[PDB]
Amino acid sequence: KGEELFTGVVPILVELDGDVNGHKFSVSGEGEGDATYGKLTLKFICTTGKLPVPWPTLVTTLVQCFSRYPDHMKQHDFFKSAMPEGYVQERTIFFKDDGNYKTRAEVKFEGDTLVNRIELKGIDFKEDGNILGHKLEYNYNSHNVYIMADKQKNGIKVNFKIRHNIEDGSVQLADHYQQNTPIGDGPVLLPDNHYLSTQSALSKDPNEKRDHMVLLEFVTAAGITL
Ligand SMILES: [Ca+2]
Ligand SMILES: [Ca+2]
């Protein structure tokens with residue numbers, strides 16, 4: 003059963019290849035997750051030089070199996086139920102009055118390590134918009150991630166609105182639409198409607214000269230009562 007894989011601290015690896023308006027880049031991340039506490043700690047490095055988009059815009063793309074599901078909601082945890090074989094996670098992310106990301110990721114175990122491998126494609130960005138113009142603050146807001154079953158794909162459909170602070174005090178909306186499908190043919194938990202409540206803190210390693218992001222995140226499932 004997939005839930006038993008997450009009772010302790012699990013090492014995480016993230017690998018992303020991206021192309022945003024023809025700017026090609028790669029990101030590698032390492033850290034660990036402790037789903038008992040809904041906790042993630044990770045450090046990401048841009049391995050190709052300078053990241054051509056703001057780090058915050060990649061947070062959602064860069068492992069919802071580490072969410073804390075309350076005991077009374079554990080029959081609604083799709084993400085862990087798909088493990089260890091994993092799931093495909095696909096998104097379209099529409100940046101208001103700007104371009105979009107489309108992403109396809111596979112999240113699964115490689116031995117004891119939870120791996121997220123992603124291909125990201127961004128098109129229609131404005132050269133001097135908030136994304137390619139690097140006008141977004143280095144911080145991150147707290148969100149609600151809404152989950153429902155998608156029975157005909159044997160998976161889930163997920164929607165939410167990310168709010169990225171702009172350096173002028175305004176907000177850059179990033180509308181997220183997501184689909185997750187299991188990779189194995191084994192049974193998964195197709196959940197009742199509920200949501201995940203997220204919080205993330207971004208920081209820098211004062212000794213790191215590469216372009217990077219340190220992330221501490223807590224996520225708790227909610228919306229189904231005792
Ligand atoms: Ca700036
Ligand atoms: Ca039900």
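Positions 3 to 64, 68 to 231 (full-length UniProt numbering) are the ones given, in order, by the sequence shown.
A virtual CB, placed ideally from N, CA and C, is assigned to each residue, including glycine.
Secondary structure within the stretch 68-114: the beta strand (DSSP E) runs of 3 or more consecutive residues, fully enclosed, are 92-100 (chain order). About 7 Å separates the beta carbons of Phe83 and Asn185, which is inside the 8 Å limit, making them a contact pair. Contact between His181 and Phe165 holds: their C-beta atoms lie close to 5 Å from each other, under 8 Å.
The three-state reading of DSSP puts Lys156 in helix, counting H, G and I together. Counting along the chain, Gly33 sits inside the beta strand (DSSP E) bounded by residues 25-36. Partner residues in the beta bridge of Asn185, as assigned by DSSP, are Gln94, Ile161.
Residue pairing by DSSP leaves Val11 without any beta bridge partner. DSSP places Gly127 inside the beta strand (DSSP E), whose first and last residues are 118-128. Taking C-alpha positions only, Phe223 is separated from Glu5 by approximately 18 Å. The continuous beta strand (DSSP E) containing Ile47 extends over residues 41-48. When beta bridges are read from the DSSP output, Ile171 appears opposite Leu141. Around the C-beta of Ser147, fewer than 16 other C-beta atoms lie within 10 Å, and the residue is accordingly described as exposed. Of the heavy atoms belonging to ligand 2, none sits nearer than 7 Å to the Cβ of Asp19. Taking a contact to require three or more Cβ pairs closer than 8 Å, the stretch 127-137 and the stretch 206-217 do not qualify as touching. By the neighbour-count definition (other C-beta atoms within 10 Å, threshold 16), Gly35 is a buried residue. With distances taken between CA atoms, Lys26 lies nearest to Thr50 out of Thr50, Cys70, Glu90. For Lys214, the closest C-alpha among the options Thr59, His81, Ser175, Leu53 is that of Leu53.
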